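Throughout, a chain's letter reflects where its sequence line sits, starting with A, and its residues are numbered from 1. Counting starts at 1 for both ligands and their atoms, following the listed order.
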Amino acid sequence: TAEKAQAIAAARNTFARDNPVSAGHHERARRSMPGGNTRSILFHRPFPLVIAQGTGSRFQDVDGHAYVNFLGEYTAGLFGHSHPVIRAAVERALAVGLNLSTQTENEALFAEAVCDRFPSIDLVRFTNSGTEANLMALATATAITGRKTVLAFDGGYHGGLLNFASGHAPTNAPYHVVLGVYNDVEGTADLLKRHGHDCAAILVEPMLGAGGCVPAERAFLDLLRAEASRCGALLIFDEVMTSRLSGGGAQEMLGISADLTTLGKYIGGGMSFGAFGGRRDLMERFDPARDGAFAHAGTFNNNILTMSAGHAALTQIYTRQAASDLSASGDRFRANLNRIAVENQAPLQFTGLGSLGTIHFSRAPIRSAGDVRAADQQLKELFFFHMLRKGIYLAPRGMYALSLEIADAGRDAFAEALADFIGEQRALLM
Amino acid sequence: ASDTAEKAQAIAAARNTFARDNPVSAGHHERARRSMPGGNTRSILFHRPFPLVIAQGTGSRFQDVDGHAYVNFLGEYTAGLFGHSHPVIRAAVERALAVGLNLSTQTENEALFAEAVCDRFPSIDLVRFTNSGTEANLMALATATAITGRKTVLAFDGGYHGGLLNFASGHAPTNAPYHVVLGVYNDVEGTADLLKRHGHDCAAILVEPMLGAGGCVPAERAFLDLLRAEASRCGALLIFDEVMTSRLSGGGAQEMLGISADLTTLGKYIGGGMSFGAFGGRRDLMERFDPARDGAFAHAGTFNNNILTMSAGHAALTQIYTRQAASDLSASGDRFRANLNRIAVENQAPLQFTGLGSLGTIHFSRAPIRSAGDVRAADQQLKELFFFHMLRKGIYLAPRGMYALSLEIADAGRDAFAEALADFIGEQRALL
Ligand SMILES: Cc1ncc(COP(=O)(O)O)c(CNOCC(=O)O)c1O
Ligand SMILES: Cc1ncc(COP(=O)(O)O)c(CNOCC(=O)O)c1O
């Protein structure tokens with residue numbers, strides 16, 4: 001509607017008036033990077049906030065405004081901006097030496113911690129991102145099976161070269177990808193009958209992350225596990241986001257085992273990180289001593305900062321117990337946010353699991369990419385600008401990912417700001 | 001050359017001595033195998049019987065877990081330009097920690113780093129950062145195919161563009177399934193034929209100005225002129241993979257050559273030894289990523305703008321490895337390589353070092369090294385024996401015989417390398 005469009009025009013202008021120093025930064029950034037941007041998700045209109053500095057769960061922008069960071073680096077930033085244990089791991093790495101050009105002890109210790117944590121990961125390899133992890137998992141599936149077809153899901157996001165958030169992106173690596181509808185048992189069974197013979201892999205998030213914190217239904221994942229086994233395709237669970245949900249990620253909570261699992265985000269302690277692991281027999285194809293071994297180099301794969309900060313992250317900070325506690329805290333938080341919507345007759349909900357959640361302006365079921373897209377997009381943008389005015393930073397698309405540094409005062413301020421949105425924007429919520 | 005029983009027995013003895021010299025590294029390997037395939041997470045680090053595990057490093061030197069010291073002539077496969085403990089890198093890390101980690105937003109540091117990259121590289125008008133050279137090359141291919149609507153990519157046998165674009169031994173079954181045609185590196189007539197056949201459907205020509213992993217094999221002028229002309233004529237994007245070669249002068253191989261690519265990929269040392277890659281090039285091509293554009297190309301990536309890379313990278317380009325420092329290091333490397341080849345020639349040894357500036361690789365052949373075929377024809381057994389010999393002399397270089405001079409390599413190290421080469425030639429005269 002026109003009414004909402006005008007509300008957004010007003011909110012954008014208010015943001016621009018609040019943030020003229022960020023505005024100047026944007027005009028300069030446009031000289032060296034396309035649209036002043038090097039990570040597409042950071043861009044929003046009229047321009048993005050530039051931040052100056054942060055400590056713990058808080059940061060300040062270049063205009064001086066302070067915020068609680070509920071975004072947490074799209075789930076990588078589990079430790080806040082200045083964790084002393086992470087800092088210590090960085091100091092220990094610098095003492096060991098940088099760019100050591102050789103095999104290290106720390107990479108093996110980190111690997112042991114990873115294999116110990118995740119119940120379907122017998123052996124693991126590190127990459128430099130979730131994008132690389134997923135690409136290597138597809139390389140594995142395709143090379144082993146000799147097949148070309150990959151089943152993935154509309155709304156699915158698996159990195160820079162495997163972006164299905166708005167269907168097929170023209171920039172995707174040219175794997176022969178067939179897209180199903182997330183959570184659609186009937187349609188997906190049909191696609192598997194059609195393509196099962198030629199399917200190298202099923203690639204799926206146990207909860208759409210970038211696609212809107214949409215949990216996978218049990219019946220959907222059971223279909224995928226059964227059919228992958230029947231047709232000889234590798235089931236790949238992309239847990240780059242979902243691994244945080246318990247000590248052993250979504251697979252532990254589900255009792256469903258993927259053939260390969262990809263990891264990313266928080267696991268390297270906030271340093272560059274990705275990983276792919278899985279069944280021993282599949283991963284041994286990368287043993288470089290073995291006959292016709294697959295090649296997987298990568299300059300920074302075993303870099304000392306990631307290996308050292310990650311080992312600290314898993315063993316000292318985000319233990320199995322910390323994962324259970326944060327996820328339970330996240331469940332209570334999301335229920336409280338939904339109670340606020342319910343008690344105020346608000347046409348919104350928050351979907352997700354554990355410490356992950358996203359607002360959707362609909363009271364209908366949010367089960368697939370279609371549902372997320374059909375929910376009100378103008379109200380979502382308005383909500384972002386409102387939260388900023390309340391000193392709460394979350395994703396433009398309405399996602400939060402609670403760090404370990406988020407405390408009672410932070411959660412309370414978020415919940416109060418949500419109530420304020422509902423009251424202040426009542427006219428637009430009818 | 002062909003394998004012989006004589007050389008095999010020499011190699012088996014060198015491996016046995018290495019195993020005996022390094023029992024702690026051997027135990028590490030056995031443990032590592034329990035959690036990573038063959039105890040490995042980066043294929044290039046593995047060699048038989050097992051790799052050395054190092055304990056610590058300072059400057060240009062390091063020590064392994066059995067207590068041996070070496071000077072590091074490998075330099076992290078060209079990423080380790082600053083040594084193991086550069087004070088300016090360390091200061092950049094400290095500044096980064098003080099700003100804040102994982103800040104979840106844009107910072108100024110990324111714009112300042114992007115400006116330093118654009119200042120530095122003469123054909124890069126706009127740039128985007130990735131987390132590796134592998135990602136940089138994939139995004140450059142993504143850009144070319146999406147802009148052109150075409151499927152075919154011309155690359156070269158012996159070429160290496162990252163984990164999903166490995167042509168070092170021809171087509172790898174793990175490669176991302178771009179429709180890649182492989183040419184012979186430096187083959188003008190053969191490549192002209194391929195471009196005649198495929199040119200109309202060519203999204204991109206992807207080429208290193210010098211084969212890196214493929215053997216430090218310089219591209220010849222006539223070869224690159226052909227690629228530049230035919231890319232323009234066909235409407236293909238010429239992509240120069242300068243992940244390794246960018247170091248060779250202030251403005252990489254493109255400044256040396258006076259040839260401009262449509263896109264250039266970057267990696268290795270530019271992020272100050274932190275995770276890093278980048279792709280950039282012509283303004284009109286890179287603007288397709290402006291997120292304010294309708295139909296903007298998407299390119300997220302959790303760590304693309306991470307504070308450690310942004311901060312150490314800006315320091316690397318503006319404070320440490322300036323354009324003059326690049327010229328100076330390349331001149332130092334050119335004199336080094338010439339000295340090594342002089343030592344070969346004077347002893348009438350069947351070996352040469354190929355490369356440019358501070359990068360070089362030994363090849364056990366008297367033939368011109370111009371393509372992957374030439375590299376593969378050279379004696380591979382002697383290359384293995386060379387590796388173990390150099391280790392015994394306290395010199396660490398790649399198993400495949402590559403050195404990449406860091407800023408921390410001084411006269412003593414270069415002298416020791418040259419002396420160790422002479423000792424190899426003398427001690428292994430029978431097999432040469
Ligand atoms: C499920 C999933 N798989 C894979 C990925 C890809 O991981 P990475 O961005 O480390 O390549 C991501 C997240 N990518 O986030 C982009 C950003 O924050 O800029 C992801 O959420
Ligand atoms: C010319 C070129 N392009 C691209 C690449 C790929 O760059 P990256 O390893 O950062 O993905 C590399 C080197 N990759 O080195 C492997 C390793 O040291 O483990 C490269 O040399």
Relative to the heavy atoms of [X], which atoms of ligand 1 are at a distance of less than 4.0 Å?
X: A:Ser129; result: 10 (O), 11 (O)
X: A:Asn134; result: 3 (N), 4 (C)
X: B:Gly301; result: 9 (O), 16 (C), 17 (C), 19 (O)

Ligand 2 contact by A:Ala297, heavy-atom criterion under 4.0 angstrom: yes
Atom of A:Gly249, atom of A:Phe118 and distance for their closest heavy-atom approach: N-CE2, 3.8 Å
Residue pair B:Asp290 / A:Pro34: nearest heavy atoms and the distance that separates them: N-CB, 3.7 Å
Ligand 2 atoms in contact with [X] (distance to a heavy atom under 4.0 Å):
X: B:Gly162; answer: 4 (C), 5 (C), 6 (C)
X: B:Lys268; answer: 13 (C), 14 (N), 15 (O), 18 (O)
X: B:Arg42; answer: 17 (C), 18 (O), 19 (O)
X: B:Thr134; answer: 6 (C), 7 (O), 8 (P), 11 (O)

Which heavy atom of the protein is the closest neighbour of [atom], given with residue, atom name and distance?
atom: atom 17 (C) of ligand 2; answer: A:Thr299 N, 3.4 Å
atom: atom 10 (O) of ligand 1; answer: A:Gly130 N, 3.0 Å
atom: atom 2 (C) of ligand 2; answer: B:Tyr160 O, 3.2 Å
atom: atom 3 (N) of ligand 2; answer: B:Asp241 OD2, 2.8 Å

Heavy atoms, side chains only, cut-off 4.5 Å: are [X] and [Y] in contact?
X: B:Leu263; Y: B:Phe240; answer: no
X: A:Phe164; Y: A:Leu179; answer: yes
X: B:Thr302; Y: A:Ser129; answer: no

Ligand 1 to A:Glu205 polar contact by distance, N or O atoms, under 3.5 Å: no
A:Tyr74 N/O under 3.5 Å from ligand 1 N/O: no
Residues B:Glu76 and B:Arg42 bridged, charged N to O under 4.0 Å: yes
Option with minimal heavy-atom separation from atom 4 (C) of ligand 2, where the choices are B:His161, B:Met244, B:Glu135: B:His161
Among A:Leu208, B:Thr130, A:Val240, B:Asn304, closest by any non-hydrogen atom to atom 20 (C) of ligand 1: A:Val240
A:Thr242 side chain to A:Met207 backbone, donor-acceptor under 3.5 Å: no
Reported CD1-to-OG1 distance for the pair B:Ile369 and B:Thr361, which is rounded to 0.5 angstrom: 10.5 Å
Modelled atom types, side-chain donor and acceptor of A:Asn69 and B:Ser104, under 3.5 Å: yes
Donor-acceptor pair between B:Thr264 and B:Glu242 side chains, under 3.5 angstrom: no
